[PDB]
Amino acid sequence: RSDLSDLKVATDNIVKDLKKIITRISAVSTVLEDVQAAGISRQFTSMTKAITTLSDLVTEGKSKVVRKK
Amino acid sequence: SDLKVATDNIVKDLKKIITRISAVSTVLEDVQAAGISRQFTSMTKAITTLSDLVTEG
Amino acid sequence: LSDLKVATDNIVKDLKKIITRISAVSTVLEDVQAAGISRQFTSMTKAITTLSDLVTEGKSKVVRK
Amino acid sequence: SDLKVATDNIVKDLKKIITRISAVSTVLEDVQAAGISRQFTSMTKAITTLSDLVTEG
Amino acid sequence: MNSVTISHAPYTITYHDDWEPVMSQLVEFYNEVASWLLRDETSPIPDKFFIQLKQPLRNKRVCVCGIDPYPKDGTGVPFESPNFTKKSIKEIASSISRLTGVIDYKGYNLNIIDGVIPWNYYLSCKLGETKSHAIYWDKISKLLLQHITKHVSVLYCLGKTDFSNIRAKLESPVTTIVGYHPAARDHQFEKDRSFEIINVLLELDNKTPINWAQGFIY
Amino acid sequence: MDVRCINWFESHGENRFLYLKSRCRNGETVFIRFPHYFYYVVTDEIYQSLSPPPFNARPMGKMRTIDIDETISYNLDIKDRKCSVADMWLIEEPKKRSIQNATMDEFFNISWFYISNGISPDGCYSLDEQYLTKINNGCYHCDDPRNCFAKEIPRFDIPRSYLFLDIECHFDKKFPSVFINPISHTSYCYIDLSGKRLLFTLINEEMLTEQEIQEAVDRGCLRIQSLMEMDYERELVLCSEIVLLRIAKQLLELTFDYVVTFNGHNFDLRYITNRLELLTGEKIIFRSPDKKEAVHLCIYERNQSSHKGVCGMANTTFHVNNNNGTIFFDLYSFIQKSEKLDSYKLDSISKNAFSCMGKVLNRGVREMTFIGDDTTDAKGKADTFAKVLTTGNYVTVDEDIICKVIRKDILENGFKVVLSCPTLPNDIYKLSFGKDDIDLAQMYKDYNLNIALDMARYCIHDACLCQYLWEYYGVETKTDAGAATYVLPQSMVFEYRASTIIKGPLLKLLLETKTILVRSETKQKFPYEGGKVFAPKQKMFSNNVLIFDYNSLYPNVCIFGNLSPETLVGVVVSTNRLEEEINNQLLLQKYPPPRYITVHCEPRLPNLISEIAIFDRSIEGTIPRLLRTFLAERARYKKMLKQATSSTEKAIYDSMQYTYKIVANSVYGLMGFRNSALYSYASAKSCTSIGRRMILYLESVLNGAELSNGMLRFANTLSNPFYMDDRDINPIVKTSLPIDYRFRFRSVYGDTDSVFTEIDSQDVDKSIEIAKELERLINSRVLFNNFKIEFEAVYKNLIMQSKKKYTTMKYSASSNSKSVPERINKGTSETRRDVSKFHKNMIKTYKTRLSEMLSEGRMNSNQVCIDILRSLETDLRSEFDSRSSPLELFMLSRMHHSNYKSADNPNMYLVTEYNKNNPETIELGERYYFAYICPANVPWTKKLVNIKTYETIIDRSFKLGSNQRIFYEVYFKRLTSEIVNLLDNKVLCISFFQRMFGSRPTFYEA
Amino acid sequence: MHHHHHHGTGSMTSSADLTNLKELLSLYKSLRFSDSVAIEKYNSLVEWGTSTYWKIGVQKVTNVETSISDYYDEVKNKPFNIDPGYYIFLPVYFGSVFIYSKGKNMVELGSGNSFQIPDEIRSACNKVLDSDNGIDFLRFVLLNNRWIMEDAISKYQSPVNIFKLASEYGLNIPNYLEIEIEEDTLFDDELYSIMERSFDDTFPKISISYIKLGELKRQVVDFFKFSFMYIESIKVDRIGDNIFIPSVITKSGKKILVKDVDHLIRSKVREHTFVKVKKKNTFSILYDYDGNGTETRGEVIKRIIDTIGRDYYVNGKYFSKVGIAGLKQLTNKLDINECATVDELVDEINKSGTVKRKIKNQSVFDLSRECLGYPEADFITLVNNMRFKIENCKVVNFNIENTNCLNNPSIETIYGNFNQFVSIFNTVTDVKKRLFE
DNA sequence: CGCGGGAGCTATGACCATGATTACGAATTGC
DNA sequence: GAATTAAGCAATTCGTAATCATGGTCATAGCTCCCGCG
Ligand SMILES: Cc1cn([C@H]2CC[C@@H](COP(=O)(O)OP(=O)(O)OP(=O)(O)O)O2)c(=O)[nH]c1=O
Ligand SMILES: [Mg+2]
């Protein structure tokens, strides 16, 4: 918000924020592999719903910036 | 339910990131839009690996 | 097992996955701390202490001298 | 009840790792020993940061 | 500046290097028609049938085309008269003098203008006869005029009856101006404003306009 | 003084004289001179304001002057069309005079001479000799053509004289050159004023040795040394080439009525005058009838540009600079203009013209004896064949094998010919005068006396073959009707396209109706819709199909709607539906539907959404009166066609009525043509719109129409599609048919005016009589005013590839079940000239095979496709490897022109490369043969690229080299393409087309 | 034949052919500068020249990128040093650039479309063009429906004297600073602010172009900085009787000026987002760019109309509103005194012969469309998908046939106002019946 | 213990080859 | 020496060329870990 100039640094900042969330979901995946290899019984229907809604969110945020000309 | 609140915080933070994309994406240049598009492809392949992990188990 | 090249290779290869999972535990603990929920880490602190004791035994054992 | 069983499986895998290192450790040779030592220092740096994140409250 | 040998009364054709793609065909056409051509006393002498082949064609952008030489006293260069007694070059000089205002001249010569090659379609005629050697010069005239219009931008033809079919004698399109003959009745060459039309069509082709005052002989 | 007009012709000099070539009853050729004026039509105020007085000025009466300018209007306050009624004067001067605002300048001075003096160019007149002043013997001067040409007596026969000539020239190369190669033979068919038909060939004795000259003298050929020794009665005369050319000069200088050649202006007469100027310096001097001026024979080009595209040069004709009145007629140009054929060489025209069916009486080892009469072919076919066979030498049997005539006999009602032919199994064969099985250049290499006499026979066959083509095409009657109708000189009849031959009778009616058409604004062209062409509903038709076609549809439309440029009240256009509906309401209340027709058209512009043209039918238009004149001419020649007995006279009058039909369709097309003086975009657009409504109305009554209990019921009512009229609109129409007949009619195809009505019956006779009842009932109840249809044909086994492409068996209205049907191909591969003879033969063979496999009905369509594609693959591989079919089966034809948007077009580049490389030149408008020729080491090429680079122009002297071969893959791809459009099982067709030609085949969509 | 030439050749050598060729050359030299009428006249002259002579050097054009960059060059955002001499300073304004070339029309840059202008401004343009024929085109600016004549680029004559002459004809003019610098001076931003305040205009001046007396191809100068600030809302501001200008509003409160509605759509700006904006010392200029949204043009127009208000519609460069259209709007369109009845209206048009001739020249539908201020193409698209019941050239009943055109918000808004269009149409129809029938 | 050099990997936009689609003129014919 | 011609459109097929879908490849930006020296 407010006023900004030379928006490439804000683009780099939000790319860094996406780097943080990419490492965050890689952390979730690499501890999910460990908790699945532990042998505990888990029910992930609401987890699957959360991943489906977040993937729809990712597609909605992607589709504005995919294709040029 | 640590993973539930963790993914809920991920949803909220990524909601903030996507509305900032919606704020800035109309006026992006070609190279930075290309960079954010590679970031979104990494986003999609990481979430499809997560979906394969929660599907196959 | 001869020349110990494969043994050293697949204990270096496993340590990358181990430190990746350790940084993963750190990142998801940062996530659950920033989410705002209250958690207790007493048994986690006990596990950290006994893991630290066994790995400093490993530090005492790993040296070549 | 996911992080505690996750770190229980992690410390069991590390029990297997420490036992096999103690099995092979009658000879190590200097350069690979320095490599696993520097990997161990990076690993305990990660452990120290994790300990800071669990003691900060 | 190459030269070839022919079997009849010119006995050689000195030609510029721009005339190279049409020379051997011109050699065989002139060798087949020349033994019948040269029985008649031609209006230029046979040694000057091919003077305009010495001229280059890359620097030419305008072809000024007549159907034949003058019936008498043809000098091999089209619209050239050292005595300046020919009616056609007189009306050409009158039109250029009306264009440019240069009224103090002794004669005119379309050869000495840069970018203009004066051309005779049929390269000769019998003495006192007009288009009498069309029989001999038909194939040569077609070949040489398509060779010219491959190079020049604007083709200007001085005859309505002589050059009504000149879009059929050529097959590649060129800027063609079929103008009135200078000896036409009712002064349609006096009302002719074709040299301005030549200059404007050159400027439409992004070419240099012809400075028509270069042709005046003082 | 009773004369018959033969030819009208103008003086070549600066002093303009108009001449008439005329013949009296006793056979005397009489010339009448007229002072030819430049005719101008001015108003009365312009006439009295002329500061130089006119030489002659005649009052033309109070004539209305109408501004034919098409202004669109967005409202219904159309201003009245500018009609300036004034006294008009016919200004005549011997010199050309530039008069400001002089009207009616589109017409020529010769038409103004005819119509203002009341002279028909095809007329017989008793000339008043008090207006004739004798100049010299046979030539008179007429100062007053009004009262001298006042008594128009009926027609009487005259003894016309003719000179049919063909020459033969030596050539070492492919073509003769007049500077190096002599004339070998000059043949002449001399027809005198006494009717004496003399045939004689002059043989160049310079090309023969002296012993051969003496041997021909012993054989009976006459040796002459000059023109005085020349006898026209001798059949074969030997002479030098100089004496031959002076005999040619003497004959061409004679005042014949017609000197007729084939390709003779371009080659024969030009070669004669060029060789005469070369060898002795003389010129063929045509003199005026009053002998004041004398011109020399100079063949001059006349180059037509196209009127479409970039308007490049599309055709050239060659004519004789003659002023003695002889109509020097090149038959090559005439048949080029009038016919539509693969080749226009003399052998091709003789093959297409003189074809007769002939049965066999005797068979031999090397001799086949054919006879033809009125039972073998139609009446007059065998008589024409005998007339050609009188001088003919070679007869082609079944259009592929050439047979020399051994013995010839002219019967009373046909011919009797013995042919050097192999033994043939069938009983009847098509005999034609086609290609010649000689090589002329080889005969010129080993030139002896026997070769000279054989080529003299072929030359006299060509010279008399000019006469046989002259009489076959009926150029006498066509010239007379073109002089009468188009109001033109007889030499000027065929050598002009539509606009000129319109300008005569249009001038006649404009003087008759006191109407003047003038233009002020710039004529603007828009694309408008044409005739409506329905899709074919079925690919095969096992049922009979009734063919109903409007009688002169676009002329009857223009007469019905009064569609003229001056009867157009206005064009009402709308950009929006609000203004469209408001203009519709004020259109109905303003213009009454009987007096005015409001024709809804598609818009000329994208912003417009409606376009209504209003035409006043109260005063008959100039275009309807012109169309009434041309349909009167077409109706009288159709009546003469129905009264004709011989096949040649039937062909003449069918061509004559077809010519008048095309002229009427050109009265149409000139209003769609922007450069025409009769250009009316609204009228041509409204004509297509009304014709489209006529095909939709005739389809709507006929599609879904059933016959039941002798009562004819159409699907829709018989409403006029434009207004309400007094006639009955009830679709229930009483027939004259029996009660028991209950058939259904449905439309399956439409094309502009034709509607293809599929009756569920298969009987020929019953379909013909029910379709005749349909024609009568449609013309009595369905149609209105001048709209008539006629029933032409019953289409049994109608095989339709696409729109405008169909094959059927024709059962005409005068035919029956027992009458033999004729195979009509319309736009298929058999008719198209860009389709090779091998292609046409294989399409005919495989269409016969497909008809057999569909008539058997015992195996599935996929097995039919498998067997047809397997047989096709076997035939294509056998043709590719064995190469038994010659080059003649693969010669495609194309017309040469310069009307190309691209200057680097491959076709024009190919012809110009031919004209550079070869002594034979291909003129503009010439149809040349080209084939796809590739080197013989090239294998079966899968992907076909740079196809136009493989085109090679084939002429008569072209031989396919050992290193070269026919590029079979292009012809095979086109052939396989049309077969896979014929077949079902499209996936297998794609697979086979990919394994042979590497590409996806194009399939037609219904 | 030989009485009719070997081929029919026209008089290709007359003075009329020379005049046509010279006109063809003049239209070829101004192909990038002309309206579509002069492009069609050029194509007609190319077709005539190709029919007349067998080839000509110029070819037919189908689409022409209308640009005036031949007399301009690269704009530099950096400070630079001037050359000494006598200079002619001009302000460059924010609005849409138009050119009034020898084709007698107002040509839009970047589209080449001829734009409809008021009759007094058009008459002043004809007076300027007929005063001296050496001028290639008149560089015009359309901002807030104000036609100001920014520049008069002439090939032979100096542009100083034409500006006061155009100001005599009622054309809107800027102020000028014709000062001889005669020394090397660096254009700092403070000097730029001095120069902009010395232009003494409250109108938005976005760049400065200078002319040399002895040199052609004048150069435009712009100093700015590219910024990106947050957008709170998009509002409209009334600039006429019915038309409104778009103006986006920041969170802070600064009003970034928008060129047209087409500029508003093309940038694809929505609320709560950042914009690519040029920054000036006096005001704010939104940069011209194509937005990178995933939505189409129609969805952008849908969102814009849903934001600013449903009764606004896209009317050319401006938003026009929906209201009650009575006799006062018809008198405002006819530029006469206000009338309450039809009788006083037709008496008032009987008083004014120029207004009566104007009513003759253009039809009832055009008068009723221009009274309502509808766009031409959108209203034609609307009426072409409706149905009408007509009694004495009046709409007694209307109904829409195809509702696919109602997805356009402009067409739907005009369909909402179509009852007032019917009222105005019937009123103008009655005026036409009473005055001239 | 900490950060720079380097090297293998992994997508990724851009560029080019090849084949299928389609406009586009030409030829031809039906009208 | 000049002199004025000149029918329309619909529809199909075929070759050529511009345009685009698909796919292979090639620099190229991340990118992430190994090695190394202070
Ligand atoms: C052949 C041809 C036709 N037309 C137009 C004009 C009318 C329609 C229908 O003519 P058609 O020959 O089928 O039948 P039509 O001549 O109308 O009537 P007939 O059955 O011949 O009496 O097509 C044309 O413009 N040019 C042409 O060359
Ligand atoms: Mg018909």
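In what follows, chains carry the letters A, B, and so on, assigned in the order in which the sequence lines appear, proteins first and then strands, with residues in each chain numbered from 1. Both ligands and their constituent atoms are indexed starting at 1 by order of listing. Side-chain atoms are counted along with the backbone in the values below, which use heavy atoms only and exclude waters and symmetry mates.
Distances from the Mg ion (ligand 2) to the N/O/S atoms of F/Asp753 are shortest for OD2.
Ionic pairing of F/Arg781 and F/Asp728 is present here: one or more N-O contacts between side-chain nitrogen and carboxylate oxygen are shorter than 4.0 angstrom. Ion pairing between F/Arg746 and F/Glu758 holds under the 4.0 Å rule for side-chain N and carboxylate O.
At a 3.5 angstrom cut-off on N or O pairs, F/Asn551 does not count as close to ligand 1. Residue-to-ligand polar distances keep F/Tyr554 apart from ligand 1: every N/O pair is separated by 3.5 Å or more. For ligand 1, the polar-atom distance check against F/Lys661 finds a nitrogen or oxygen pair separated by under 3.5 Å. At least one N/O-N/O distance between F/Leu553 and ligand 1 falls below 3.5 Å.
Residues F/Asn544 and F/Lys796 bring a donor and an acceptor atom of their side chains to less than 3.5 Å of each other.
Residue F/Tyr550 has at least one heavy-atom neighbour below 4.0 Å for each of these atoms of ligand 1: 15 (P), 17 (O), 18 (O), 19 (P), 20 (O).
The Mg ion (ligand 2) has no N, O or S atom of F/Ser552 under 2.8 Å away, backbone or side chain.
The shell of residues lying under 4.0 angstrom from ligand 1, judged by heavy atoms, excludes F/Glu792.
Of the heavy atoms in F/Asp751, none comes closer than 4.0 Å to ligand 1. The part of F/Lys638 lying near ligand 1 is the side chain, judged by heavy-atom distances below 4.0 Å. At a heavy-atom distance under 4.0 Å, only side-chain atoms of F/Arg634, from C-beta outward, approach ligand 1.
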Atom pairs and distances, donor-acceptor, side-chain atoms in residues 618-626 of chain F, under 3.5 Å, two or more places apart:
from     : atom 1 : to       : atom 2 : distance (Å)
F/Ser618 : OG     : F/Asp616 : OD1    : 3.2
F/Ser618 : OG     : F/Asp616 : OD2    : 2.9
F/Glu620 : OE1    : F/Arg628 : NH2    : 3.3
F/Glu620 : OE2    : F/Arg628 : NE     : 2.5
F/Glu620 : OE2    : F/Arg628 : NH2    : 3.3
F/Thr622 : OG1    : F/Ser564 : OG     : 3.1
F/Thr622 : OG1    : F/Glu566 : OE1    : 3.4
F/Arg625 : NE     : F/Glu620 : O      : 3.4

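One option in F/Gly530, F/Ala635, F/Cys687, F/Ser552 has a heavy atom closer to atom 18 (O) of ligand 1 than any other, and that option is F/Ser552. Nearest-residue assignment for atom 9 (C) of ligand 1 (options F/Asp549, F/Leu631, F/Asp753; heavy-atom criterion): F/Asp753.
Here the angle at the Mg ion (ligand 2) defined by OD2 in F/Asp549 and O in F/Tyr550 stands at 100°, rounded to 10 degrees.
Looking only at side-chain heavy atoms (C-beta outward), F/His897 and F/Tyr900 come within less than 4.5 Å of each other.
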